[PDB]
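One chain is shown next in structure tokens, namely the form deposited in one PDB entry.
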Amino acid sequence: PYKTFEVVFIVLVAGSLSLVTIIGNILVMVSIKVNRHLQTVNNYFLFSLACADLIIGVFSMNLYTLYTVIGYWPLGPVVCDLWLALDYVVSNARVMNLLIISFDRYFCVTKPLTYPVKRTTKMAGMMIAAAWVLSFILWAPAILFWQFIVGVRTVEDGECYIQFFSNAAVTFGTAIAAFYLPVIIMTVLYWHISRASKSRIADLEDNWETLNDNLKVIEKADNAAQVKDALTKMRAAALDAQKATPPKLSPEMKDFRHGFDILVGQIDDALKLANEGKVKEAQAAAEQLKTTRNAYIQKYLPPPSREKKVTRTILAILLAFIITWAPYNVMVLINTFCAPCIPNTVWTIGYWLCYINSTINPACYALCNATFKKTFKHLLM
């Protein structure tokens, strides 16, 4: 009845997903291989990840669409086991790749003196190569030759699944060792990445990125309530940052406190200028505010926190994987003891959620980066 338009919707949306995934990860790979500034170790890891996501976008998405649309596996047992081995090797390589990224960042933050000089491109490529090789050797022979190990192929004609995952014990231990334990590891690692990068001026200097981002908000405002809110928040950041001693430690130091003494005054001038709705006038006043700021940046401020945004990106990738892959693993755990508890619709949701992770990774690391955006504009134009 209604399932015809449902099928058309399925092939359209699925094809769109696959195409967007292919375009995104291909753009990442070409951008890294072309731009020399994108040839750092972080982008080596992101290159391996983009490769896995491209493999998922080219094969697994279209093969799963074929399975759901046709209602059974129409290609054959050889192709079925090839696709099972491929999906498993690629997922395991994804987990190990994310672990490599997490440990790399953790060592970069916890050993700032000894570790950075050891980070070379040869070590990065050697470790990602070891990751793919380990995943392949672990999963491929079992999935491809278990039928010959037991002397029988129990997979029915038209279906596609793994025989040795019939025992709930191997599914549970595999779920613990392959997903949950690595996720806990990544959580602790990122937690120490955040705690170790937290102390001193940075915590207190966050007020400065606060008045900066609020300045940018003032630039793109539309009414007096927006510049009022951002302006008061700027006043809070300036007042907390005023009684904050900079690292360079009265003569030429009353300069530092005098700069905030004038800054809060200009924030008051623009705030009373905003209480009656002079929006653009308050914005220009905020520009002169940015001039005074500029003076005191170039006078008494340490270098910016480029590594902190890197931590933000790491969190983006890890949260992408964890959030997108949690439902499927939960469905596996529940399926170990209650099969009718998980309908086929929600199974489909889990599958497409992992694949969607492969779709959204480039937006996590590449679309928020200035260099990747420059290379993208260069490649598309």
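Position 1 is the first residue in the sequence shown; the rest follow in order. Take the two forms, superpose them, and find the largest set of C-alpha atoms that agree within 1.5 Å; that set is the rigid core.
What follows is about the form deposited in another entry, which we do not show.
Looking at CA displacements between the shown form and the other one with the core superposed, a shift of 2 Å or more is confined, among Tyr296, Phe179, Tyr106, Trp83, to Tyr296.
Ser135 shows a C-alpha shift below 2 Å between the shown form and the other one [criterion: core-superposed Cα displacement of 2 Å].
After superposing the rigid core, the C-alpha of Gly277 moves by 2 Å or more between the shown form and the other one. Shown in the overlay between the shown form and the other one, fitted on the rigid core, is a CA shift at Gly265 of 2 Å or greater.
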